[PDB]
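Below you will find one chain, with nothing else, as structure tokens; this is the form deposited in one PDB entry, and questions on how it binds or moves follow later.
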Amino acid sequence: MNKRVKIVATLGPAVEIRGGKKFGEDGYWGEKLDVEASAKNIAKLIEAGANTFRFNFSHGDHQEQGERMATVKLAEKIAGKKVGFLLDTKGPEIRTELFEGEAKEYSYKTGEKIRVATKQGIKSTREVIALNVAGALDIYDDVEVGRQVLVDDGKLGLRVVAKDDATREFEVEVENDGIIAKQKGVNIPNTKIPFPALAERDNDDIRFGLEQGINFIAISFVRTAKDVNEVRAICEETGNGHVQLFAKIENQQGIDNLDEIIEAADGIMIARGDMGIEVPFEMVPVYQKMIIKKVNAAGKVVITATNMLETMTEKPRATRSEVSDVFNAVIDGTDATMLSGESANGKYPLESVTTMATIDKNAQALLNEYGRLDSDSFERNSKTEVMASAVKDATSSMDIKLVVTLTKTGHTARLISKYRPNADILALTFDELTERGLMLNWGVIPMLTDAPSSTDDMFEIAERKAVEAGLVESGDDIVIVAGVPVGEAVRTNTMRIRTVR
């Protein structure tokens, strides 16, 4: 069977060979990138069901990112299959500074009183922790006594007891035993540090990705619709209006402003990593189910992210909790599941994609029994959406092997996908940008074909493409929708039930 749930795989050195050396091996970083050998490894990830690669601009300079994007373009040719390109922004990250010395880290013990500096471009000491704040902002007047400075995946807590106006330093109490290492993530929950709607470094990263050729931007730490619309204006003004924007929800402001963020964006990445530090970790499952429902109801794409097969970074088998998490993300209604370090940096990138594909394919078989999404509740808000509802009805009434839509922009395919039919969706489109642009919608198999003339039989074309793709065989029943005829129809207006010859 075809895997309806889409996989986003983050790329990094794990798949990359450097003069015959694998990531980890001594001298690895001293060798030149073997592009063909790296492209062949990426090809296997595509074959195992990666539908989109994530280029995380938090790690690796423009040269590294651009070389990896080029390597994927070769892998597509090797695999015989296209994938989406997704750029993930750095955004308003706060990290611990480098320490004085060749000190890489210091261990602390509960109750121990230390300070954190707000002055930028200075090194840390054991007793005065400095921060690398995005854009070198001064955060002193934005964090109150009683606020928490969390270091490294929220592992070490520092309680702001007092503030020293003389040095612009936070006096903090170590809440629990743990280490402060250099260049680790810092979270300061329930604060509104005035990060700009779009920082110059993200502006620059996005413009670089847009020049290379991308299909999706995942915008880190979206707080408001303005954070999405600043990125949209770049995409539009550079001639890249086709690029789709996924707002990453990972803090309380993003949760509070979710409805306006969904309205501005093409989709949501549930960024559970930061989210579970910024809000109570036990609320993340609540927010996940609610986000997936609301995004599906808006006919947009939802990606569930972070830790999904975390153990497979270092070990060959996923835990039972990881398998349950992937499975339940599908039942919740996610369009897509994501890998981060598992595919980018781990010992088992191919096995991670394969394992996620196996779970995702099994979970899709239970959506009839257990799925949370309920298409019967939707308002049908347009005639294309009325047709999408009729398609879902036909797939419920009888055994339909495949829904085919002839779609110029993918709008019809997006609306069919919204309704989660009991069938794969072959989206026949007429340009490569629309084709790749569909690769994260649940159930959709995008395929490039010639735009039909007013003299072509679009129903015979649908059947022939489905056969050429190996998706159907003689005696299978398919549902085909189209705008008929070409030049008269203003939208998808026809549904045909056809038996394959």
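Residue numbers run from 1 along the displayed sequence.
For the pair 407-415 and 110-118, the record assigns the higher mean C-alpha temperature factor to 110-118. Averaged over their C-alpha atoms, the temperature factors of 261-269 and 176-184 are higher for 176-184. Taking only the listed residues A79, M283, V243, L87, the entry reports the highest CA temperature factor at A79. Across the options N441, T52, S453, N56, the residue with the most elevated CA B-factor in the record is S453.
Ranked by C-alpha B-factor against the other modelled residues of its chain, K3 falls in the middle third. When the modelled residues of the chain are ordered by their C-alpha B factor, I139 lands in the highest third. Among the modelled residues of its chain, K226 has a C-alpha B-factor that falls in the middle third according to the deposited record. When the modelled residues of the chain are ordered by C-alpha B-factor, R232 sits in the lowest third. Looking at the C-alpha B-factors along this chain, the one for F216 belongs to the lowest third.
The form deposited in another entry is left out here; the points below concern that form.
Between the rigid parts that turn between this form and the one not shown, the hinge residue, out of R272, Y140, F195, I122, is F195.
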